[PDB]
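*Asks:* If you're matching positions, the sequence shown starts at 1 in the deposited numbering and goes up one per residue.
Can you keep this structure in mind? I'll have questions shortly.
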Amino acid sequence: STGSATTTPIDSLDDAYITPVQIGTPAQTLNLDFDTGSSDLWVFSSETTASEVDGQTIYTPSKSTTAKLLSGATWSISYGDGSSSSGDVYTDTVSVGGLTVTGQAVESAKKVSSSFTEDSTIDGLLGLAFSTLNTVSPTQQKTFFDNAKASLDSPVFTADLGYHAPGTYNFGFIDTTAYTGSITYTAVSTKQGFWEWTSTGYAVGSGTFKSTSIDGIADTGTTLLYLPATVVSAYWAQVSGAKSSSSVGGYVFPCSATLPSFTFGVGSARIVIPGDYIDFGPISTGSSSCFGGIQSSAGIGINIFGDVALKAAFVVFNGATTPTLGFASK
């Protein structure tokens, strides 16, 4: 089997992407944030504290003839951005782009943090990291991909995120029309539960490539590109007037600037992030100070190849017995 679904930016900045997901019988379609950095499929629901729901579409398990309460199971998650959610668990039928899993754990939120409430466009998350990170207790549950894997034509999924445009998540096949050149595959460590890999270096604009190992995670659920402070300083030094602002929370730059590209290495291959991908617009409405899309990972504890990086590539998440990651230009 295979599946193919379009993923759509939630706003004009590509702050996140939403993908429609069918849950239950009859189907209830919710728009979920596919997150290769976590491993829980959780949804706003009829059980979510009413004051914490503000415009989201909810899953109502009592209206699904295939929903079953997973007795005694609870979940609770905290994300890198400080947001969080928790609740109980159902199993139900879940379909993505024509690919159906029966008995998928659907984690129903009883509580969500303010950042989730305040984002009306995201109805929940669909985790695509390794199932070892799943938070369901006392019996850990499998991700949608893990459950689908054996049925797929090939045990892979691909992320093809657009810049200011829709893109695609495919399951079970590689669309050879969706990228240019070849896909370069690179080793993955699953030791921390992430799609963790080592970039071979970087360049800023038309500058020379610096060969240096950068361990980090391919994370579709993180907006920006978080890299070591040395790398990030080298990038912003090429933008007149750019500075790190403690009050704003990172590098900002004059909105009048033209940003240089940023290149990262994948083995001997190179992925080029155009300068415009690195512009996240005014820090507040009407400001001429703009927020940068490349930020320091210092104090995160891990480098993160988030959407800024991934949307410059066609990315293969290869879930073979020994997982690997593939990157192509597009």
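No residue lacks a Cβ here, since even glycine has one placed at the ideal position from N, Cα and C.
Under the three-state reduction of DSSP, which class applies to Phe194: helix, strand or coil?
*Replies:* Residue 194 sits at position 194 when you count from the first residue of the sequence shown. DSSP places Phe194 in coil when its eight states are reduced to three.
*Asks:* Within the continuous alpha helix (DSSP H) that includes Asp11, where are the two ends?
*Replies:* Numbered from its first residue, the sequence shown carries residue 11 at position 11. Premise fails: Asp11 is in no alpha helix (DSSP H) and is neither H nor E.
*Asks:* Considering Cα atoms alone, identify which of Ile214, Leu69, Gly292 is closest to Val266.
*Replies:* Sequence index remark: in the sequence shown, residue 266 carries index 266 (1-based). When only C-alpha atoms are compared, the closest one is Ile214.
*Asks:* Helix, strand or coil, according to DSSP, for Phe130 in the structure here?
*Replies:* What you label residue 130 is simply residue 130 of the sequence shown in a count that begins at 1. Of the three classes helix, strand and coil, the one that applies to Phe130 here is coil, per DSSP.
*Asks:* Can you round the beta-carbon distance between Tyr277 and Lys311 to whole angstroms, since I take them to be within the 8 Å contact cut?
*Replies:* Taking the sequence shown and counting its residues from 1, the one referred to as residue 277 is at position 277. Taking the sequence shown and counting its residues from 1, the one referred to as residue 311 is at position 311. Between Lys311 and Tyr277 the Cβ distance is about 7 Å, and since that is below 8 Å, they are a contact.
*Asks:* Quick one: what does DSSP say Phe173 is sitting in, helix, strand or coil?
*Replies:* Residue mapping note: residue 173 aligns to position 173 of the sequence shown, counting from 1. In this structure, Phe173 counts as coil in the three-state DSSP scheme.
*Asks:* In three-state terms, what does DSSP make of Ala27?
*Replies:* In the sequence shown, residue 27 corresponds to position 27, counting from 1. It is coil, neither helix nor strand.
*Asks:* Among the residues of its own chain, which have a CB less than 8 Å from the CB of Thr190, if the five just before and after it don't count?
*Replies:* For this step, residue 190 is matched to residue 190 along the sequence shown. Hits under 8 Å: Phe130, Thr132, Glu196, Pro323.
*Asks:* Tell me whether the beta-carbon of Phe44 lies closer than 9 Å to the beta-carbon of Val112.
*Replies:* The sequence position of residue 44 within the sequence shown is 44, counting from 1. The sequence position of residue 112 within the sequence shown is 112, counting from 1. A contact, by the Cβ cut-off of 9 Å.
*Asks:* Cβ of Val315 within 9 Å of Cβ of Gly326?
*Replies:* Here residue 315 is taken as the residue at index 315 of the sequence shown, counted from 1. Here residue 326 is taken as the residue at index 326 of the sequence shown, counted from 1. Yes, the pair counts as a contact, with Cβ atoms nearer than the cut-off.
*Asks:* Secondary structure at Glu52, three-state DSSP: helix, strand or coil?
*Replies:* Within the sequence shown, residue 52 is the residue found at index 52, counting from 1. Here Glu52 sits in helix by DSSP.
*Asks:* Would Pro274 and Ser261 be called neighbours here (beta carbons separated by less than 9 Å)?
*Replies:* As a working mapping, residue 274 is identified with position 274 in the sequence shown. As a working mapping, residue 261 is identified with position 261 in the sequence shown. In this structure, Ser261 lies closer than 9 Å to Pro274 by Cβ.
*Asks:* Checking 9 Å against the spacing of the C-beta atoms, do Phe291 and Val231 come in under that value?
*Replies:* Translated into the one-based positions of the sequence shown, residue 291 becomes position 291. Translated into the one-based positions of the sequence shown, residue 231 becomes position 231. In this structure, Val231 does not lie closer than 9 Å to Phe291 by Cβ.
*Asks:* Ignore the nearest five residues each way along the sequence and tell me which others in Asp88's own chain have a CB closer than 6 Å to its CB.
*Replies:* Taking the sequence shown and counting its residues from 1, one reaches residue 88 at position 88. For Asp88, where only same-chain residues beyond five positions count, the Cβ hits under 6 Å are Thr74, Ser108.
*Asks:* From what residue to what residue does the beta strand (DSSP E) around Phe209 run?
*Replies:* Taking the sequence shown and counting its residues from 1, the one referred to as residue 209 is at position 209. Premise fails: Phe209 is in no beta strand (DSSP E) and is neither H nor E.
*Asks:* Do three or more CB pairs link the segment 115 to 125 to the segment 93 to 104 at distances below 8 Å?
*Replies:* No, the segment 115 to 125 does not touch the segment 93 to 104.
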